[PDB]
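Visitor: An experimental structure, sequence included, is below.
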Amino acid sequence: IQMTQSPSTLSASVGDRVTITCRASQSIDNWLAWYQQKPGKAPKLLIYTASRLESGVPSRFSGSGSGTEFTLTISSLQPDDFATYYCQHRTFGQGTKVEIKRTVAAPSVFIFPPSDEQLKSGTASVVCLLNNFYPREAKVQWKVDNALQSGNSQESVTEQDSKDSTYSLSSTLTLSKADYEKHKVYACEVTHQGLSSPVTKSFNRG
Amino acid sequence: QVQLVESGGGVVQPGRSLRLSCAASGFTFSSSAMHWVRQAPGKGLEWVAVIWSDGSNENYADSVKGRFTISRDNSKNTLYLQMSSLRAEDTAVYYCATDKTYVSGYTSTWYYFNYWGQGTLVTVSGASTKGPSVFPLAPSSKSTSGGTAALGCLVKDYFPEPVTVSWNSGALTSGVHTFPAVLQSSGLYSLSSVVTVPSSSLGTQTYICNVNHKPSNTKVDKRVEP
Amino acid sequence: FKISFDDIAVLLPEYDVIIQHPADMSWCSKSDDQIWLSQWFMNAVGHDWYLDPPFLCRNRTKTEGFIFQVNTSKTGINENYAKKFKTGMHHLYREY
Ligand SMILES: *[C@@H]1O[C@H](CO)[C@@H](O)[C@H](O)[C@H]1NC(C)=O
């Protein structure tokens, strides 16, 4: 019995009313449970059999539906609810992320060449930093001697900060020392909703 | 209050069967089924094992069928899980949770997990202990945006997790961001951390990053110089 | 046996036995008396085994117990069945 969720990512603010839909492959009557999860935590069950509410759960949560289609509704959204939610009958759902919504944040782009100590180690790592941007979806492309590169860059993106509610992503392009000494100009181009045009940061090997 | 503790986890080499303990107290342990669930780092949950109160009937997921086996000791209020033929894909966080077999006047295996433990971590890897390598990342002309300058430190080729990075002996927290670690194809981890400062004070303030790797007892202090 | 009517699903056709013939009834219990009473009640109510939608039962190889569930909802196609079964119980308990 496969299960599917809709949507995958959701944006809301304080006091909003949010809905999550869960569809099963075949009718399961009212055999379904709704779980809540926070980053770095343990899953806490919320809703029994799509109808009943576990003792201690806030009264602002409720569920409905039957057969193949089910829905979780939160009347008033509180700060303790920005989290991931799952619907489970046989296995778990793919997860719906209830996430804060804010204004668009212009990305800040930085570029750094590999350090000389890493050159002593024989490896080169060119880093491209994208700080204080919103929303998350941004495209990063690496250009070596104005040639597109792929399969040699790894990204690391940090979750939302509670100060400015912005995001950060560091992309590292890894090469050998010989290859790094073979090529001269290295650039990273970023494309984001908050940019009128993609912005390319380029540096030249000394 | 219902209490549950999990133990018997860490980092293990492939090919060794591991035994994990799950102690329960506070309720009628002989009259409630138990479940083992697994979450890969950064992925969703997955039900793995289930045993009913009688101790007769078991069930396991197909991905671990024939390799995992759960039993329970009702006299000692304990649950023992054995894992065999371990692969790198089994590295994850394991929870053991008590099921609710009563809903409005019926008793069955409803597959509802009601009480959970802190969760154990199992790392099926063959890597050995290795200290980290610290490389400063200094500002340049192209690393300045409207009077804002970024500095940082990259910590590479270490095992096992975790590694803690501090700044200015812990006095620098504004504008400091550490990115999550990344697994490498060589079995070693790497990560980067950065900090944003006013560009006018680059020639007047010293920035030093301290890297701590407790398993290797490594403490490395590196200064970032423009 | 105790009988209750409510809105909770405890057996599913994709998980347990779909009893269609009285011969198949033998997989639901461990005691001949319980099987005889179950068949007795079902034939007293007036269920045609090979003409009406089946009912669900649990197989003996479990340490849970004995449970059997019948669908008598009042919508869709089953509406009609709901009539039949209804009248059945109306002719036994002297009330309903
Ligand atoms: C479950 O019920 C089916 C249907 O009669 C039966 O064939 C099967 O043997 C039962 N399960 C087990 C594990 O014996």
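Guide: Thanks, I have the structure now. Numbering: from 1, shown residues only, chains lettered A, B, ... in the order given.

Visitor: Can you name the residues of chain C that neighbour chain B?
Guide: Residues of chain C lying near chain B by C-beta under 8 Å from any C-beta of the partner chain: C:4, C:6, C:8, C:10, C:62, C:63, C:64, C:65, C:67. All C-beta spots, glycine's among them, are computed from the backbone N, C-alpha and C.

Visitor: Select, from those residues, the two members most distant in space.
Guide: C:6 and C:63 (24.6 Å; C-beta to C-beta).

Visitor: Have a look at those two and say which one is more surrounded.
Guide: Neighbour totals were compared for residue C:6 and residue C:63, and residue C:63 leads with 10 against 7 (other C-beta atoms under 10 Å in any protein chain shown).

Visitor: about what we covered before: of all the residues of chain C next to chain B, which comes closest to chain A?
Guide: residue C:8 (7.1 Å; C-beta to the nearest C-beta).

Visitor: Can you tell me, leaving aside adjacent residues, what's nearest to the closest one?
Guide: Distances taken as C-beta to C-beta, 6 or more residues apart in numbering or on different chains place residue B:104 nearest to residue C:8, at 6.0 Å, with adjacent residues excluded.

Visitor: same question, residue B:144
Guide: Using C-beta to C-beta, 6+ apart, the nearest residue to residue B:144 is residue B:199, at 5.2 Å.

Visitor: tally of neighbours for the one you found?
Guide: With neighbours defined by other C-beta under 10 Å, the count for residue B:199 comes to 17.

Visitor: any idea how far residue A:177 is from chain B?
Guide: Note on residue A:177: its distance to chain B, by C-beta to the nearest C-beta, to the nearest Å, is 14 Å.

Visitor: Number of residues surrounding residue 32?
Guide: This is for chain A. 24.

Visitor: wait, I meant chain B there
Guide: Neighbours around residue B:32, by other C-beta under 10 Å: 18.

Visitor: just residue A:46 next, same as before
Guide: Close neighbours of residue A:46, defined as other C-beta under 10 Å, add up to 19.

Visitor: Quick check: what element follows the helix or strand in which residue C:33 is found along the chain?
Guide: Assigned by DSSP states H and E, residue C:33 falls within helix C:32-45. Using DSSP H and E, the helix or strand that follows helix C:32-45 in sequence is strand C:55-57.

Visitor: Show me what that following strand packs onto, helices and strands only.
Guide: For strand C:55-57, the packing partners by 3 or more C-beta pairs under 8 Å, 6 or more residues apart in numbering or on different chains; DSSP states H and E come out as strand C:17-19, strand C:68-69.

Visitor: Let me have those strands in CSV, extended by mean neighbour count and distance to residue C:37.
Guide: Listed next are the helices and strands packed on strand C:55-57 as CSV, based on neighbours: other C-beta atoms under 10 Å in any protein chain shown; distance: least, C-beta to C-beta, whole Å:
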stretch, mean neighbour count, distance to residue C:37
strand C:17-19, 18, 15
strand C:68-69, 18, 11
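
Visitor: closest to chain A out of those strands?
Guide: Checking the helices and strands packed on strand C:55-57 against chain A by C-beta to the nearest C-beta gives strand C:68-69 as the closest, at 10.5 Å.

Visitor: Tell me which residues are up against that closest one.
Guide: C:9, C:10, C:11, C:19, C:28, C:38, C:55, C:56, C:57, C:58 (C-beta atoms under 8 Å, 6 or more residues apart in numbering or on different chains).

Visitor: Now list the buried members of the residues you listed.
Guide: If you count burial by 16 or more other C-beta atoms under 10 Å in any protein chain shown, the buried members of the contacts of strand C:68-69 come out as C:10, C:11, C:19, C:28, C:38, C:55, C:56, C:57, C:58.

Visitor: Grab the two from those that are most spread out in space.
Guide: C:10 and C:38 (16.7 Å).

Visitor: Parallel or antiparallel, list what pairs with the helix or strand where residue A:203 lies.
Guide: Element membership of residue A:203, judged by DSSP H and E, is strand A:199-204. Using DSSP bridges, the strands paired with strand A:199-204 are strand A:185-192 (antiparallel).

Visitor: what distance separates the partner strand from the middle of the whole chain?
Guide: Its chain's C-alpha centre and that of strand A:185-192 lie 21 Å apart, by C-alpha atoms, centre = their mean, to the nearest Å.

Visitor: Redo the helices and strands packed on strand C:55-57 as CSV? Include distance to residue B:180.
Guide: Listed next are these as CSV, based on distance: least, C-beta to C-beta, whole Å:
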stretch, distance to residue B:180
strand C:17-19, 50
strand C:68-69, 49
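
Visitor: for the residue nearest in space to the middle of chain A, what are its contacts?
Guide: The centre of chain A sits closest to residue A:136, judged by C-alpha atoms, centre = their mean, with a distance of 6.8 Å. Each residue near residue A:136 by C-beta under 8 Å, 6+ apart is listed here: A:157, A:167, A:169.
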